[PDB]
Colleague: 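If you scroll down you'll find the structure; I have some questions about it.
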Amino acid sequence: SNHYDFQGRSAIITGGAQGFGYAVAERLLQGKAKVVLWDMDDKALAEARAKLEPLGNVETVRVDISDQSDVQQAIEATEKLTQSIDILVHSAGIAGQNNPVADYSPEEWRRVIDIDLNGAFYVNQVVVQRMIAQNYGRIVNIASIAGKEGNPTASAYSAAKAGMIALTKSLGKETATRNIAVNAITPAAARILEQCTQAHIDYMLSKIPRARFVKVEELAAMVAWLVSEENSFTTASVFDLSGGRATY
């Protein structure tokens, strides 16, 4: 196992209460990072803070990342809980409903975009302003293989993840002269799988050369390197986590 030091550093993890956010948070606590979880459910936030308390200093901010004003409120709250805002891991989002484009609910289309794309923009804006002032930042936008491939029956999710990737490239190039790294990850499928049919799981596994889903701890390991001081040159870049699926 490797050790990633985050002593003196403070992290925001959106979608921090569960899944990737939660796995990343546990790993950042293991390296002495000060962690602030951002999530929309106060109850899930309580469960998370209780579990990670033996691991270190964890705080909770309740926020809808699809609401720009709630995001402004979330950032001001974080400033009162932290010495600085060194790291952002934007993990929050929704999968969206599956439907061909011909039958997609425009209402569901707007919602998936608003949360998966506009929210990442709102969260990246308030956080990077603090990184600009500090001349220090390490951001990871958790996107998906859907962002690179345009996954069939998931046009909305695929489009929002793509936007998040291009946002990552604009932001990275804008902050390249400062000591700030803005990178994105493209994982394959990692509780969400309980909804899938066995036939669907075998279709998804057919597309993955690894022949298995990524473990949340594997995502956390890569993200921890990407949010570390040591990731000092690479910016506006996509890191893959698809177990050989991605061809770029």
Side-chain angles (χ1 to χ4, degrees), residues 2-16 20-21 23-25 27-35 84-93 116-117 119-121 123-149 160-188 190 209-210 214-236 238-248:
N2 311 317
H3 178 71
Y4 313 99
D5 175 65
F6 295 106
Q7 169 57 183
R9 305 298 173 189
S10 301
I12 307 193
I13 313 193
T14 73
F20 294 141
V24 171
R27 199 68 197 253
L28 300 196
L29 294 162
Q30 162 173 117
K32 323 258 227 296
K34 192 227 220 78
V35 177
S84 49
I85 308 187
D86 305 78
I87 297 157
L88 167 66
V89 179
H90 192 62
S91 178
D116 307 341
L117 179 56
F121 160 75
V123 154
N124 271 257
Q125 175 164 65
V126 295
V127 166
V128 80
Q129 288 163 343
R130 278 80 183 165
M131 285 161 174
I132 285 178
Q134 302 155 192
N135 188 39
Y136 192 90
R138 292 310 181 263
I139 301 171
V140 164
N141 298 316
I142 303 160
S144 171
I145 188 61
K148 291 161 150 201
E149 296 185 7
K161 306 309 234 179
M164 164 186 292
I165 287 158
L167 170 51
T168 304
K169 342 190 152 138
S170 304
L171 189 43
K173 282 168 273 182
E174 281 162 25
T175 53
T177 66
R178 290 167 165 101
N179 188 2
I180 305 163
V182 204
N183 297 294
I185 52 155
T186 51
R210 279 263 188 257
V214 67
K215 335 168 201 117
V216 298
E217 36 269 67
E218 291 176 307
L219 184 146
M222 188 186 268
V223 169
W225 186 92
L226 291 174
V227 306
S228 98
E229 190 170 317
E230 277 201 34
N231 175 40
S232 53
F233 196 61
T234 311
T235 193
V238 174
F239 295 79
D240 190 74
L241 213 96
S242 72
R245 191 170 137 176
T247 63
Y248 66 120

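Counting begins at 1 with the first residue of the sequence.
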Colleague: Let me confirm one number: the CG-CD1 distance from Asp240 to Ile145, rounded to the nearest 0.5 Å.
Modeller: 5.5 Å
Colleague: When you measure from the side chain of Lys148 to the backbone N and O of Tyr248, does any donor-acceptor pair fall under 3.5 Å?
Modeller: yes
Colleague: Are side-chain heavy atoms of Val227 and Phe6 found at a separation under 4.5 Å?
Modeller: yes
Colleague: Any non-hydrogen side-chain atom of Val140 less than 4.5 Å from a side-chain atom of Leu88?
Modeller: no
Colleague: Given side chain to side chain contact (heavy atoms under 4.5 Å, CB included), test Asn141 with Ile139 step by step and report yes or no.
Modeller: CA-CA 7 Å; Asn141 298 316; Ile139 301 171; 3.8 Å; yes
Colleague: Before giving the answer on side chain to side chain contact (heavy atoms under 4.5 Å, CB included), spell out for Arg27 and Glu217 the whole-Å C-alpha distance, their side-chain angles and the decisive distance to 0.1 Å.
Modeller: CA-CA 8 Å; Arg27 199 68 197 253; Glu217 36 269 67; over 6 Å; no
Colleague: Could you tell me whether a side-chain N or O of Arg130 sits under 3.5 Å from a main-chain N or O of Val126, the two making a donor and an acceptor?
Modeller: yes
Colleague: Apply side chain to side chain contact (heavy atoms under 4.5 Å, CB included) to residues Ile12 and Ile85 and explain how you reach the verdict.
Modeller: CA-CA 7 Å; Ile12 307 193; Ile85 308 187; 3.8 Å; yes
Colleague: Do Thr14 side-chain atoms and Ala92 backbone N/O form a donor-acceptor pair below 3.5 Å?
Modeller: yes
Colleague: Measuring only between side-chain heavy atoms, which start at C-beta, is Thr186 closer than 4.5 Å to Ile165?
Modeller: yes
Colleague: Among pairs that include at least one residue of residues 131-147, which meet salt bridge (charged side-chain N to carboxylate O under 4.0 Å, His left out), considering only residues two or more places apart or in two chains?
Modeller: none
Colleague: Any side-chain heavy atom of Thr175 within less than 4.5 Å of one from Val182?
Modeller: yes
Colleague: Got a donor-acceptor contact below 3.5 angstrom from the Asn135 side chain to the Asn179 backbone?
Modeller: yes
Colleague: Tell me, please, which residues at least two apart from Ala146 pass side-chain contact (heavy atoms from CB on, under 4.5 Å).
Modeller: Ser144, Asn151, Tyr157, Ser158
Colleague: So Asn183 and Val238, do their side chains get closer than 4.5 Å, heavy atoms only?
Modeller: no
Colleague: Could you tell me whether a side-chain N or O of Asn231 sits under 3.5 Å from a main-chain N or O of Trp225, the two making a donor and an acceptor?
Modeller: no
Colleague: Could you measure the distance from the CG atom of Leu226 to the OG1 atom of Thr234? Nearest 0.5 Å is fine.
Modeller: 8.5 Å
Colleague: Taking the side chain as every heavy atom from C-beta outward, state whether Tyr136 and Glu229 have any pair of such atoms under 4.5 Å apart.
Modeller: yes
Colleague: Return yes if some donor-acceptor pair links the side-chain N/O of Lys161 with the main-chain N/O of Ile142 below 3.5 Å, else return no.
Modeller: yes
Colleague: Output the distance between atom OG (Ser84) and atom CZ (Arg9), rounded to the nearest 0.5 Å.
Modeller: 7.0 Å
Colleague: Applying side chain to side chain contact (heavy atoms under 4.5 Å, CB included), run through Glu218 and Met222 and close with a yes or a no.
Modeller: CA-CA 7 Å; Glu218 291 176 307; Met222 188 186 268; over 6 Å; no
